[PDB]
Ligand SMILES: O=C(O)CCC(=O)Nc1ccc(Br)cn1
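Let's start with one chain on its own, the form solved without the ligand, as structure tokens.
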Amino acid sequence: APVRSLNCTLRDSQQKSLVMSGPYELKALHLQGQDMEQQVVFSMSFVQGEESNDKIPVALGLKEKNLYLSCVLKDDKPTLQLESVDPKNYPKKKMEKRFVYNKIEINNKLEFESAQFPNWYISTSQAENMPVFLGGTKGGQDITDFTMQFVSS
């Protein structure tokens, strides 16, 4: 397909699942059992960009929803946000830079670095029920690695 994609869920290294907070926000919390179905399912698209054997550019949209994770400057600081897009023009092989992430395979974990803002990563807090955000520090208090689970689509 023009732009190839696959459906998946992500869990941070502390086994927290991701769920929709408001219409434009994601939160992370320890979920289990029935509640597991509340978790967000992503449509990860493999877009154009500088590629490596361990660094692959991707776009992260919500499955069946014209909403994509985007990195933009908000108050002079890199910020993560869910952005609405024209449902007929997305996804596409050549996504605007703010939608692109460098999927990095480390341990057996994944890290998502903003293509727009070097060394800024999708991160979660140690705390329960806090927003998913863009962090500029690795190996610290905040969590920056995840594992991915494939879903039947």
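Residues carry their position along the shown sequence, with the first being 1.
Stretches 32-40 and 90-98 differ in mean C-alpha B factor, with the higher average recorded for 32-40. Of the two stretches examined, 138-146 and 12-20, the record assigns the greater average C-alpha temperature factor to 138-146. Per the deposited record, 52 carries the highest C-alpha B-factor of all listed residues (45, 124, 52, 119).
Per-chain ranking of the deposited C-alpha B factor places residue 63 in the middle third.
Looking at the C-alpha B-factors along this chain, the one for residue 106 belongs to the highest third.
This next part talks about the form deposited with the ligand bound, which is not shown.
Residue contact with the ligand in the entry with it bound: residue 110 places a heavy atom within 4.5 Å of it. For residue 105, a non-hydrogen atom is located within 4.5 Å of the ligand in the entry with it bound, even though that partner is not displayed.
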